[PDB]
Amino acid sequence: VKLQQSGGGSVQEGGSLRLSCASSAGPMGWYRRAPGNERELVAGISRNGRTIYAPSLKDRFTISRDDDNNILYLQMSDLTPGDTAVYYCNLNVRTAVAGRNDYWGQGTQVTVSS
């Protein structure tokens, strides 16, 4: 299993991005890590679609999963440099044959220019 990410990069302040994470099931989540800081959960989604957000990010970030195409998305709006970070998707599964597995995307740099 591999998670492949897209949709980030440089973006002007006030702009918006839609990150994608394609798993080439289980709960998934988006995390971010800014330079010199620890990882933080931005949003997660259960197999059945229940969502959880970092309280302070809920108003600008939305997580969704496309089950027809197998794509996880993070819509992020009204950005500032406070949102500059590497963003990572995660898929954490528990199956019958293999047991537990934990998969991460390669990371997507988002750089908001002010």
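Counting in the working numbering, the sequence shown runs from 337 upward without gaps.
Ideal Cβ placement from N, Cα and C applies to all residues, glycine included.
Use the C-beta contact count for residue i: other C-beta atoms within 10 angstroms, 16 or more gives buried, fewer gives exposed.
i: residue 446; result: buried
i: residue 448; result: buried
i: residue 325; result: Because the chain is modelled from 337 through 450, residue 325 falls outside the range shown and cannot be assessed.
i: residue 359; result: buried
i: residue 432; result: exposed
i: residue 436; result: exposed
i: residue 344; result: buried
At the level of alpha carbons, what is the spacing between residue i and residue j?
i: residue 350; j: residue 444; result: 19 angstroms
i: residue 429; j: residue 441; result: 15 angstroms
i: residue 370; j: residue 387; result: 23 angstroms
i: residue 412; j: residue 438; result: 25 angstroms
i: residue 392; j: residue 361; result: 28 angstroms
i: residue 395; j: residue 375; result: 20 angstroms
Whole-angstrom Cβ separation of residue i and residue j, contact assumed at under 8 angstroms?
i: residue 339; j: residue 425; result: 5 angstroms
i: residue 347; j: residue 427; result: Between residue 427 and residue 347 the Cβ distance is about 25 angstroms, and since that is not below 8 angstroms, they are no contact.
i: residue 363; j: residue 342; result: Their Cβ separation, rounded to whole angstroms, is 21 angstroms, which puts residue 363 and residue 342 out of contact at 8 angstroms.
i: residue 485; j: residue 389; result: Not covered by the structure: residue 485. The range shown for the chain is 337 to 450.
Comparing alpha-carbon positions, which option in the options lies nearest residue i?
i: residue 377; options: 356, 435, 422 and 432; result: 422
i: residue 419; options: 434, 368, 404 and 432; result: 368
i: residue 407; options: 345, 450 and 366; result: 366
i: residue 405; options: 337, 357, 345 and 344; result: 357
i: residue 401; options: 413, 380, 337 and 345; result: 380
i: residue 384; options: 439, 374, 403 and 438; result: 403
i: residue 417; options: 450, 395, 361 and 393; result: 450
For residue i, decide whether its Cβ has a neighbour in chain C, counting only Cβ atoms nearer than 8 angstroms.
i: residue 426; result: In the structure shown, chain C cannot be found, because there is only a single protein chain.
Unbroken stretches of the alpha helix (DSSP H), 4 residues or longer, contained in the region 358 to 437: none
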